[PDB]
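A single chain, nothing else alongside it, follows as structure tokens in the form deposited in one PDB entry.
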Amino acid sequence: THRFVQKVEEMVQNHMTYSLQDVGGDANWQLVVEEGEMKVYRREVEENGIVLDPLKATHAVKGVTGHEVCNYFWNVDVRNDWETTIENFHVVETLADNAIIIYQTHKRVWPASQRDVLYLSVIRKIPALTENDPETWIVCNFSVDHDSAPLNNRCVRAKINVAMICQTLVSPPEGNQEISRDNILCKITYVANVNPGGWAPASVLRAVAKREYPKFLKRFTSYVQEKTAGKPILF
């Protein structure tokens, strides 16, 4: 269908295999911020003196489904309503109705150079592995090469592997009556592995992540709740 079908399958399954695991009981993850059901963890990792710190967060969001949260996360048309760190983005290629390649630049984090990034963004529904398990909706954004990447002399090229992974729990339907948003809960696992791609001072990157990831999770999840309130549910 397109040349990244196989790569998308591998990235998506790697997340299904490894990113969903619980880390509440795992001392290898440091719990760095908690704000109610929002739990943000990371591991301190450097390669060549450059911070890579794997970031993993869980959250539980009332009144929205995983399909909704993934649609709003993936849909480039609403990106600017919730995103606060992007300076410019351009859709570089459409691969399928569920997969695009995006070029974007991020607001500079002083005193490091601005970063840019070039990634495939894909949204998939992953069927329940057994009839006992929840279905999953996942967006994965992972860096790829491309010939129509911009020359941007201000920016160092970061590389990312991010996933927003959602499972949705509902009260079952009571005969012929729909499920209300009061009875739905979206369990989120969000993972972000970011390679700044060059020099950046470690303590500043760490302080910035510790502040901006929870701000992002809070703003984005509230944004989905606000936009879906009183709209029919899209399961």
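For clarity, a rigid core is taken as the largest C-alpha set superposing within 1.5 Å between two forms. One-based numbering along the sequence shown.
Undergrad: Within the set of other compared PDB entries, does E37 lack a model in a third or more?
TA: No.
Undergrad: For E46, does the count of other compared entries lacking it reach at least a third?
TA: Residue status for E46: no gap in any other entry.
Undergrad: Which is higher on mean Cα B factor in this entry, 44-52 or 187-195?
TA: For C-alpha atoms only, the mean B-factor is higher in 44-52.
Undergrad: Please work out which of 68-76 and 122-130 has the higher mean CA B-factor as recorded in the PDB entry.
TA: So the stretch with the higher mean C-alpha B-factor is 122-130.
Undergrad: Out of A200, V170, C166, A57, which one has a C-alpha B factor higher than all the others in the entry?
TA: Max CA B-factor in the entry, restricted to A200, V170, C166, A57: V170.
Undergrad: Looking at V33, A27, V204, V61, which one carries the largest C-alpha B-factor according to the PDB entry?
TA: Among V33, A27, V204, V61, the highest C-alpha B-factor in the entry belongs to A27.
Undergrad: Could you tell me which third, lowest, middle or highest, the C-alpha B-factor of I101 occupies within its chain?
TA: Answer is lowest: the recorded C-alpha B-factor places it there.
Undergrad: Can you tell me whether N88 has a C-alpha B-factor in the lowest, middle or highest third compared with the other modelled residues of the same chain?
TA: Tercile = highest for this residue's CA B-factor.
Undergrad: Using the B-factors in the PDB entry, rank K107's C-alpha atom against the chain and give the third, lowest, middle or highest.
TA: According to the entry, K107 has a C-alpha B-factor in the chain's middle third.
Undergrad: If you rank every modelled residue in this chain by C-alpha B factor, which third holds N141: lowest, middle or highest?
TA: Bottom third by C-alpha B-factor.
Undergrad: Considering every modelled residue of the chain and its Cα B-factor in the PDB entry, is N153 in the lowest, middle or highest third?
TA: Ranked within chain, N153 CA B lands in the highest tercile.
Another form exists, solved in complex with a partner chain; not displayed. Remarks below refer to it.
Undergrad: Pick the stretch from 44-52, 168-176, 25-33, 206-214 whose residues have a heavy atom within 4.5 Å of the partner chain in the deposited bound form.
TA: Among the listed stretches, the partner-contacting one is 168-176.
Undergrad: Answer with one of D77, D145, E131, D97: the residue that has a non-hydrogen atom within 4.5 Å of the partner chain in the deposited bound form.
TA: Result of the distance check: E131.
Undergrad: In the deposited bound form, does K187 have a heavy atom within 4.5 Å of the partner chain?
TA: Contact with the partner chain, yes.
Undergrad: Heavy atoms within 4.5 Å of the partner chain in the deposited bound form: does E87 have any?
TA: Although the partner chain is absent here, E87 would stay clear of it in the deposited bound form, with no heavy atoms inside 4.5 Å.
Undergrad: Does any heavy atom of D81 come within 4.5 Å of a heavy atom of the partner chain in the deposited bound form?
TA: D81: no contact with the partner chain in the deposited bound form.
Undergrad: Only one of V76, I86, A96, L129 shifts by 2 Å or more at CA between the shown form and the other one when the core is aligned; which is it?
TA: Comparing both forms, the shifted residue turns out to be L129.
Undergrad: Is it true that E37 shifts between the shown form and the other one by 2 Å or more at the Cα, once the core is aligned?
TA: No, shifts by less than 2 Å.
Undergrad: Core aligned, does the CA of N152 move at least 2 Å between the shown form and the other one?
TA: Yes.
Undergrad: Rigid core fitted, then: does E174 show a CA shift of 2 angstroms or greater between the shown form and the other one?
TA: Comparing forms between the shown form and the other one, the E174 CA shifts at least 2 Å.
Undergrad: Relative to what we see here, could you say if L151 and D145 have their Cα atoms closer or farther apart in the deposited bound form, with a change of 3 Å or more?
TA: Result: closer.
Undergrad: Relative to what's shown here, the Cα pair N48 and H15 differs by 3 Å or more in the deposited bound form. Does it come closer or drift farther?
TA: Closer in the deposited bound form, by 3 Å or more.
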